[PDB]
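J.: Sharing a structure with you now.
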Amino acid sequence: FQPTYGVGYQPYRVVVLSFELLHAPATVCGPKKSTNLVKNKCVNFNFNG
Amino acid sequence: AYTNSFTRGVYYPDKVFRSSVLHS
């Protein structure tokens, strides 16, 4: 890689984030916080997305 | 040497809980 060359020849750093999107307990999460849990009432919910 | 597998060598295909079902 030479610093003079046109952009398509210039180096790009690449990362591929690849998701283990399994129905198995999540080790990784977003910034979102939990509420407290509630039972035996009609509610909207989210578990791990 | 040799033997027959009979009915062995199945495994849980996925981490889903299922019950009382004839899954395919």
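By order in the structure tokens, chains are A, B, ...; within a chain, residues start at 1; ligands start at 1, following the order shown.
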Within 12 Å of chain A, which residues of chain B are there when counting only C-alpha atoms? Please give them as a ChimeraX atom specification.
T.: /B:14-17
J.: Can you tell me, as an MDAnalysis selection string, what residues are no more than 12 Å from residue A:35 when counting only C-alpha atoms, ignoring any on the same chain fewer than 5 positions away?
T.: chainID A and resid 44:47
J.: Can you spit out the residues from that selection as a PDB file, in the first residue's frame, using N, CA, C and O atoms?
T.:
ATOM      1  N   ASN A  44     -47.130  -5.248  27.671  1.00  0.00           N
ATOM      2  CA  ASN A  44     -46.103  -5.292  26.645  1.00  0.00           C
ATOM      3  C   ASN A  44     -44.786  -5.774  27.276  1.00  0.00           C
ATOM      4  O   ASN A  44     -44.531  -5.489  28.445  1.00  0.00           O
ATOM      5  N   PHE A  45     -43.936  -6.481  26.537  1.00  0.00           N
ATOM      6  CA  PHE A  45     -42.640  -6.909  27.061  1.00  0.00           C
ATOM      7  C   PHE A  45     -41.542  -6.988  26.005  1.00  0.00           C
ATOM      8  O   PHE A  45     -41.802  -7.149  24.815  1.00  0.00           O
ATOM      9  N   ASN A  46     -40.297  -6.954  26.464  1.00  0.00           N
ATOM     10  CA  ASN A  46     -39.126  -7.357  25.707  1.00  0.00           C
ATOM     11  C   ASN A  46     -38.196  -8.206  26.583  1.00  0.00           C
ATOM     12  O   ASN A  46     -37.842  -7.781  27.681  1.00  0.00           O
ATOM     13  N   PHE A  47     -37.741  -9.349  26.076  1.00  0.00           N
ATOM     14  CA  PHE A  47     -36.659 -10.133  26.663  1.00  0.00           C
ATOM     15  C   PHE A  47     -35.517 -10.226  25.659  1.00  0.00           C
ATOM     16  O   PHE A  47     -35.663 -10.873  24.635  1.00  0.00           O
TER      17      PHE A  47
END
J.: Neighbouring residues of residue A:2 were defined as those with any atom within 9 Å, considering only C-alpha atoms; residues of the same chain fewer than 4 positions away were excluded. Please report them as a list in words.
T.: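 Contacts, with the query itself left out: residues 9, 10 and 11 of chain A.
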J.: Would you mind listing what lies within 12 Å of stretch 15-21 of chain A as an mmCIF file with C-alpha atoms, in the first residue's frame, with only C-alpha atoms counted and same-chain residues fewer than 5 positions away left out?
T.:
data_model
loop_
_atom_site.group_PDB
_atom_site.id
_atom_site.type_symbol
_atom_site.label_atom_id
_atom_site.label_comp_id
_atom_site.auth_asym_id
_atom_site.auth_seq_id
_atom_site.Cartn_x
_atom_site.Cartn_y
_atom_site.Cartn_z
ATOM 1 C CA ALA A 26 -27.525 -13.588 25.376
ATOM 2 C CA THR A 27 -23.973 -12.710 26.514
ATOM 3 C CA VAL A 28 -24.091 -9.439 24.477
ATOM 4 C CA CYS A 29 -26.723 -6.684 24.830
ATOM 5 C CA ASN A 48 -33.170 -9.762 25.063
ATOM 6 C CA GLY A 49 -34.811 -8.208 21.909
#
J.: Figure out the distance between atom CA of residue B:20 and atom CA of residue B:6, please, to one decimal in Å.
T.: 24.4 Å
